[PDB]
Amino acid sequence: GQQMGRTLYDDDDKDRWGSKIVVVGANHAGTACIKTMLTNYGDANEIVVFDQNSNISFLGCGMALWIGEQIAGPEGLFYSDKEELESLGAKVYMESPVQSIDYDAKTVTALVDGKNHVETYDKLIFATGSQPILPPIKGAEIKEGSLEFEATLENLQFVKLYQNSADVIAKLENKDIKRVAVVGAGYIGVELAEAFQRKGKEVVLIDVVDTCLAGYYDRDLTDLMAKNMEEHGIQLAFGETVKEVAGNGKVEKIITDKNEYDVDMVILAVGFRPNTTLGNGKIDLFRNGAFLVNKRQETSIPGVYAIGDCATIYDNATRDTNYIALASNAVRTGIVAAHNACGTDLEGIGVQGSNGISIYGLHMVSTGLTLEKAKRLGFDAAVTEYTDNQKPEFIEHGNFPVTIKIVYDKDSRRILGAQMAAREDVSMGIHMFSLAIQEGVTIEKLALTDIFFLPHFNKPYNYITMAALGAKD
């Protein structure tokens, strides 16, 4: 549950046409868009929703917690449903994939109960998200026709939809599954590795890249996380390319660039691809296939918008259009699209790719660009870091050390990103840095920023101030 009334953007209907709005996809992005449109303009527009899945408004972000038994069950993993959306005024078509769009006639055709259902629209909103990518691996193939990404080989898994996590959790039941291999060391793979380990399985995390969380944290923090997993029994196999998943009728072994591992299950957490084929080429696309949208989430075709993982978003850190597949962006782009499609001019403000991760008590957060990625992208970047206790040394209890990294542009002086890591939750602190980047705050201005002082909470010369003052480049 997470509802409210009109947003502060909602404004008088005045003299705008009433619009019939078709929404394709109803997970994070679609649900946020639909709720915003109905709770704000309600009766003024006709909202029709289509989703090919048998369930919607699912919290995929909580699958690892469920698999790792960090939560009782799947109950709280849904933030809405067909009934709730309908109670807001929407017409919802479940298990009805939209299969074609006619932009001239302005209709979409979906398969409703095995029959072609044609639906007219004034505004069209794409919230189709993305699909898991299958790398070229011998023995890894998808059973054609499954909108659920089912592999032909038994115990070879993908983890994106609710069914996937349920399917995995089910199989984790039989004692036959003792060893699990997780392919891909991004945040999803890392979370999954912990989950299987927590379930008591022998885990091996494999990736062709030389470390985990690459592109999100700099070397010393990825090393720290890596050490964190190893000290919990997770075997790391970085710098290795998976060549094959073999076995007689089921997964029994995973073969890589330089090794072979006996495993009873393989999870592929390599990446996703935007679902933008319905564009039929009529819409401008980003290089990865994402619908290219402006700050109002509008595509190159007037009246048609795109939100969430199926579209781009403006990145204030890099200051260029980008593609950041996060539930956080899904919600905000959905809200922006909602208002614009309903006649309210609302321009988005871009994002910083802010994110957090928590594995075995090690908490980390980052926003913007790591030093590595900044340099890799042609920024004359530098990093200023500091490690110090959260509170004054005289505090007898509840203290802990924190490591902060602030990446800034040596030239323009603007802050490009920041990372924080500690054994206690200081995630709230990254919000300031997300805002800093958004607003173009420089490392010099940050250094003097009003950071309050209270002995029980922090030090007079807190690590943010110390790091900023210590900028040497």
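Don't overthink the numbering: it's just position in the shown sequence, from 1.
Taking the mean C-alpha B-factor of each stretch as recorded, 458-466 and 7-15 are not equal, and the higher mean is that of 7-15.
Judged by mean Cα B factor in the deposited record, 133-141 ranks above the other of 337-345 and 133-141. The PDB entry assigns the greatest CA B-factor among 332, 363, 243, 123 to 243. Comparing C-alpha B-factors across 285, 307, 359, 151 in the deposited entry, the largest value falls on 151. Placement of the Cα temperature factor of residue 303 within the chain: middle third of the modelled residues, per the deposited record. Split the chain's modelled residues into thirds by C-alpha temperature factor. Residue 187 is in the lowest one. Residue 247: CA B factor lies in the highest third for its chain, per the PDB record.
For residue 194, the recorded CA temperature factor ranks within the middle third of the chain's modelled residues. Among the modelled residues of its chain, residue 409 has a C-alpha B-factor that falls in the middle third, as given in the PDB entry.
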